[PDB]
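Student: Need a 3D model of the following:
(chains A, B, C, D, E, F, G and H, ligands or ions: 29)
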Amino acid sequence: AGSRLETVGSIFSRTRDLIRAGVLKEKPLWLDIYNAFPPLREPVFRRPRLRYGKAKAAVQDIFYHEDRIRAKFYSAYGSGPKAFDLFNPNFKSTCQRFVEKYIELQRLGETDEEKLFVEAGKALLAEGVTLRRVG
Amino acid sequence: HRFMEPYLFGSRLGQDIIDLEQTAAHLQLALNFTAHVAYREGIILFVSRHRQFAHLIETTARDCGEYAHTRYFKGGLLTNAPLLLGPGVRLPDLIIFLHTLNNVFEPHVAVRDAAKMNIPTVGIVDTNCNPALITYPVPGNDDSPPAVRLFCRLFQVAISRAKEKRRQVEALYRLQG
Amino acid sequence: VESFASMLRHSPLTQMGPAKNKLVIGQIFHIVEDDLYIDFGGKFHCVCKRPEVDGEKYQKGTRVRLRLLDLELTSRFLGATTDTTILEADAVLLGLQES
Amino acid sequence: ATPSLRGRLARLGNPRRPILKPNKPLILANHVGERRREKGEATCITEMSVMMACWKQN
Amino acid sequence: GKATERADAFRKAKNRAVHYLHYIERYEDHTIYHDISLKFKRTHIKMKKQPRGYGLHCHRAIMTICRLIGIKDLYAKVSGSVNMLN
Amino acid sequence: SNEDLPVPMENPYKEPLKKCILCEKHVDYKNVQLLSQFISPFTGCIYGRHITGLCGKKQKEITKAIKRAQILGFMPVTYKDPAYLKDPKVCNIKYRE
RNA sequence: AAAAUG
RNA sequence: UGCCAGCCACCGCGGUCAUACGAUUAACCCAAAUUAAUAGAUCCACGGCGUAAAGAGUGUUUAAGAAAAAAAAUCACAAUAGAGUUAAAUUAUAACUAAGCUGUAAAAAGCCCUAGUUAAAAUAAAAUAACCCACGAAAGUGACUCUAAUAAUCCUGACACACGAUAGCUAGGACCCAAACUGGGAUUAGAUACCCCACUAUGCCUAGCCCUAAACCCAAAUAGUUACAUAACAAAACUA
Ligand SMILES: [Mg+2]
Ligand SMILES: [Mg+2]
Ligand SMILES: [Mg+2]
Ligand SMILES: [Mg+2]
Ligand SMILES: [Mg+2]
Ligand SMILES: [Mg+2]
Ligand SMILES: [Mg+2]
Ligand SMILES: [Mg+2]
Ligand SMILES: [Mg+2]
Ligand SMILES: [Mg+2]
Ligand SMILES: [Mg+2]
Ligand SMILES: [Mg+2]
Ligand SMILES: [Mg+2]
Ligand SMILES: [Mg+2]
Ligand SMILES: [Mg+2]
Ligand SMILES: [Mg+2]
Ligand SMILES: [Mg+2]
Ligand SMILES: [Mg+2]
Ligand SMILES: [Mg+2]
Ligand SMILES: [Mg+2]
Ligand SMILES: [Mg+2]
Ligand SMILES: [Mg+2]
Ligand SMILES: [Mg+2]
Ligand SMILES: [Mg+2]
Ligand SMILES: [Mg+2]
Ligand SMILES: [Mg+2]
Ligand SMILES: [Mg+2]
Ligand SMILES: [Mg+2]
Ligand SMILES: [Zn+2]
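Tutor: Residues are numbered from 1 along each chain as shown, chains lettered A, B, ... in the order given. Ligands and ions are numbered 1, 2, ... in the order given. Provided below are the atomic coordinates:
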């Protein structure tokens, strides 16, 4: 009839070897599509063993240089007056405007953090957004 | 999950982000495999245990002309077919998982039974899913309404195009002689 | 062709940073007799209480202002290999699209 | 706040003497215990006393 | 197969054994590809690749299993527990 | 070649750690007014961590200071001094309901 | 509180 | 025949119920050999030590062994040994009040030189803090103060050296309280037990012994890994 063993291996191997041995005399329709377009990983069963000791996951945290400016903005003024709109793909926030000012102030040859911070804070007033510093 | 490490881009302040490069690379093969089974007159069944969008799954399956299972999965459904469904039935040739986990946060019954019965399984696997048994896993999001609607529309059009092009291929077959 | 690193760097969620005490716009997509299902749009849908003021003005599709507390409420317990996912988010109601 | 659990139980990696010795494994169960029914007690012994005071005096 | 009656148990075992079928890679259809030293629950099995002239000098149950499989030339030694299921 | 890849650097959003009320303070055995806030007014017991809310060092230091002052002749053991009874409430224990 | 054996 | 006669290498068989006892037929294997007994050859561990036998109560060291790639040493809190001090309770002892106090499921016995309150040395022990997890090699240590002080520029290692809870022995001192033993009172058919009361050895200090524990966290020491991989349970499986 077939092979109902999961831990032995993948379904493709268990169909192909059955047909090679001659037990399954009828080709399943999906075998040809598997042969034509195989997936990236063979669907073999792998048991989720727990990770003990000093071993740790290999995923690396997502952090950019703009996060350093965003942390200062949120520490000084907190959340911006313009509420965040996650539906808009091209939405730019007050913190985004602040970091866009910060990068150009860096390109202007300014190395001091106070100069990069207060000048951007005052420059935002030119466009006319309200900054609410948290005391 | 421990087996989602290669399918992730990183972690954004505790929340893990799935990279979409391998998501699209997997989804191309997933849609191609789904469309080929429909082209070759195969039974395709949408298994999904999630009590938020189940109505949307039956609507999508009915519009596709394929079958759906979004309710409580019985024990010997896929294994004890000659008893649960009828005397002699035809097993589904392809299983689409929109939610690999049930309401208990355990792996679904059908992902194990399809591997037991040598039934191809294509599935949207979240960061807490187990892709070891799914033949065609696609790392994505199954809890967002826009994501699940996108996946349902993609799998709807993949079946629709496959069936229609089968009809024009048969039409040309009739004119061949 | 735009790369995922490039669009994720400019994604609004990346610009938001931490989700603690952040003002967001959400849209209500489901209504219960007293509970409102508001989709702020990040990953999950938060559930809020209908206020006493202008309670009749909350309908399906209404846009409201939220002060986000957590993107996803998960925590660890005794003898648990993974977290216990609540499939929801934490947020409070402030207003309804004041404009 | 929940009491700490690090270095309490006896394990291979624990170098020190075990602190807590669980009767049963500290695994959080899926069902809480059924609420206890309170034990009853006699009522108005105080008023029975003043009732019997009339009888002992009169 | 387990049943109240022996004939019913035989029938159940026969009908349930087909559903779980393995494929054994046999080098030149007479012997295994390479020597295998396997540690099960409590049963140690050491099996060595054997020539064409060395026919099934194995345990009395491994000989039957390999006769059903198609292996004609093999040597096996079992140590530890000798439980049939394991 | 991508310039938008994440860079492996320290967390900028790392909030400062919570401090006990007496971090970087000087605990003394002669300051009966300070020592009295951590003892019960009716019985005189020394409150625990779940009541006071102090990080690990200052709890042991305040316990040692109370025990030293109770025997050196500065603070009563059985009760809290009524002179210091009107101090601001730092403990998180509520008796009268 | 009490209370053995087959 | 019927637990009788009797048979067997192990399991075991003997029911007016025997393919296992005695006889007949039949059958199987050897063969001028066939059985029985005794000797032999072979057969234990290059395997394990939490629950089956096994990690020795602890540390150091001699002999001896491995140094195979590179790093380290040392900080809140109750180690230990001396010296000094006592916050609560308890008691010897006085004063006022009462005839009862203690005792258990209930009683009895005991004490009425008894009980409550106000004052009170000596001895013993060290509430909360402690939902803390530190010190010491282990045993062990958490009332306060002072002194001395917690080896190794840090591998393993005894039958050698030094410690080693409580219990027990000797000499001197102490004795509030607790209590083996003992004597009374309960329950029981019996109770030389569990229940109540009194008291002794003992628990306390100095000096000298004894060297035992479920000395268990039943998991040996040193540097490691999360690769293969769940006998069962339990604290996951493993390397040199
Ligand atoms: Mg999900
Ligand atoms: Mg130690
Ligand atoms: Mg137990
Ligand atoms: Mg239980
Ligand atoms: Mg055997
Ligand atoms: Mg008798
Ligand atoms: Mg005979
Ligand atoms: Mg015989
Ligand atoms: Mg005979
Ligand atoms: Mg052995
Ligand atoms: Mg043993
Ligand atoms: Mg030991
Ligand atoms: Mg011993
Ligand atoms: Mg001394
Ligand atoms: Mg005296
Ligand atoms: Mg009497
Ligand atoms: Mg004390
Ligand atoms: Mg040292
Ligand atoms: Mg040594
Ligand atoms: Mg001793
Ligand atoms: Mg002694
Ligand atoms: Mg005495
Ligand atoms: Mg006594
Ligand atoms: Mg007696
Ligand atoms: Mg001990
Ligand atoms: Mg032992
Ligand atoms: Mg050793
Ligand atoms: Mg089992
Ligand atoms: Zn502090």
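Student: can you map out the helices along the chain?
Tutor: Just so you know, I chose chain A. A:11-21, A:29-36, A:66-76, A:94-107, A:113-127 (DSSP state H).
Student: try chain F instead
Tutor: F:32-36, F:49-52, F:56-72.
Student: Reformat the ones you listed as CSV; add mean neighbour count and distance to chain E.
Tutor: Backbone N, C-alpha and C define where each C-beta goes, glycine included. Shown next, in CSV, are the helices of chain F (neighbours: other C-beta atoms under 10 Å in any protein chain shown; distance: least, C-beta to the nearest C-beta, whole Å):
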stretch, mean neighbour count, distance to chain E
helix F:32-36, 20, 64
helix F:49-52, 15, 48
helix F:56-72, 16, 47
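Student: quick one: which of these is nearest residue E:12?
Tutor: Of all those, helix F:49-52 sits nearest to residue E:12, with 61.2 Å by C-beta to C-beta.
Student: Residue E:49 is in contact with residue E:34, correct?
Tutor: Yes. With contacts defined as C-beta atoms under 8 Å, residue E:34 counts as touching residue E:49 at a distance of 6.2 Å.
Student: Who has more neighbours out of those two?
Tutor: residue E:49 (15 against 9; other C-beta atoms under 10 Å in any protein chain shown).
Student: Pick out the residue in chain A sitting closest to chain F.
Tutor: residue A:71 (3.7 Å; C-beta to the nearest C-beta).
Student: ditto for chain B
Tutor: residue B:10 (5.8 Å).
Student: Next, count neighbours for that residue.
Tutor: 18.
Student: and the gap between the closest residue to it other than its chain neighbours and residue E:15?
Tutor: In space, and not counting its chain neighbours, residue B:10 is closest to residue A:62: 3.7 Å by C-beta to C-beta, 6 or more residues apart in numbering or on different chains. Noted for residue A:62: a distance of 55 Å to residue E:15, by C-beta to C-beta, to the nearest Å.
Student: And these two? Which one has more around it.
Tutor: Per other C-beta under 10 Å, whichever of residue A:62 and residue E:15 has more neighbours is residue A:62, with 22 against 11.
Student: can you tell me which residues contact the more buried one?
Tutor: By C-beta atoms under 8 Å, 6 or more residues apart in numbering or on different chains, residue A:62 lies in contact with B:9, B:10, B:11, B:12, B:17, C:8, F:6.
Student: From chain D, how far out is it?
Tutor: Applying C-beta to the nearest C-beta, to the nearest Å, the value for residue A:62 to chain D is 30 Å.
Student: ditto for residue F:37
Tutor: 20 Å.
Student: same deal with residue A:9?
Tutor: 34 Å.
Student: does that residue really touch residue A:18, like I thought?
Tutor: No. Contact criterion C-beta under 8 Å: residue A:9 and residue A:18 do not qualify, at 11.8 Å.
Student: ok, back up a step: now, among the contacts of residue A:62, which is nearest to residue E:29?
Tutor: Using C-beta to C-beta, those come closest to residue E:29 at residue B:9, 49.1 Å.
Student: Run through the residues that contact the closest residue to residue F:61 other than its chain neighbours.
Tutor: The spatial neighbour of residue F:61 that comes closest, neighbours along the chain excluded (C-beta to C-beta, 6+ apart), is residue F:27 at 4.6 Å. Residues in contact with residue F:27 (C-beta under 8 Å, 6+ apart) are F:34, F:58, F:61, F:62, F:65.
Student: Ignoring the adjacent residues along the chain, who's closest to residue C:23?
Tutor: residue A:83 (4.1 Å).
Student: Might you report the residue contacts of the one you found?
Tutor: Neighbour list for residue A:83: C:23, C:24, C:25, C:65 [criterion: C-beta under 8 Å, 6+ apart].
Student: most surrounded residue in those residues?
Tutor: residue C:24 (23 neighbours).
Student: Surely that residue forms part of a helix?
Tutor: No. Per DSSP: H, G, I helix; E, B strand; the rest coil, residue C:24 lies outside any helix segment and is strand.
Student: what sits against residue 5?
Tutor: Since no chain was named, I'll use chain A. A:14, E:20, E:21, E:22.
Student: actually chain F
Tutor: Contact partners of residue F:5, counting by C-beta under 8 Å, 6+ apart, are residue C:5.
Student: any idea how far it is from residue A:58?
Tutor: 16 Å.
Student: Can you pull up the most central residue in chain B?
Tutor: residue B:96 (1.4 Å; C-alpha atoms, centre = their mean).
Student: and residue C:66, bridged to which residues?
Tutor: residue C:24, residue C:93 (DSSP bridges).
Student: correct me, but it touches residue C:92?
Tutor: Yes. Counting by C-beta under 8 Å, residue C:66 does reach residue C:92; the two are 6.6 Å apart.
Student: what do the two both touch?
Tutor: In contact with both residue C:66 and residue C:92: residue C:48, using C-beta under 8 Å, 6+ apart.
Student: These two - which one has more neighbours?
Tutor: When residue C:66 and residue C:92 are compared for neighbours, residue C:66 comes out ahead with 23 against 12, by other C-beta under 10 Å.
Student: From residue C:73, how far off is that one?
Tutor: 15 Å.
Student: SS state for residue C:91?
Tutor: State at residue C:91, reduced to three classes by three-state DSSP: strand.
Student: burial of it, as a residue count?
Tutor: As a burial measure, residue C:91 scores 26 neighbours (other C-beta under 10 Å).
Student: Spit out the contact partners of it.
Tutor: By C-beta under 8 Å, 6+ apart, the contact set of residue C:91 is C:24, C:26, C:38, C:40, C:46, C:48, C:66, C:67, C:68, C:69.
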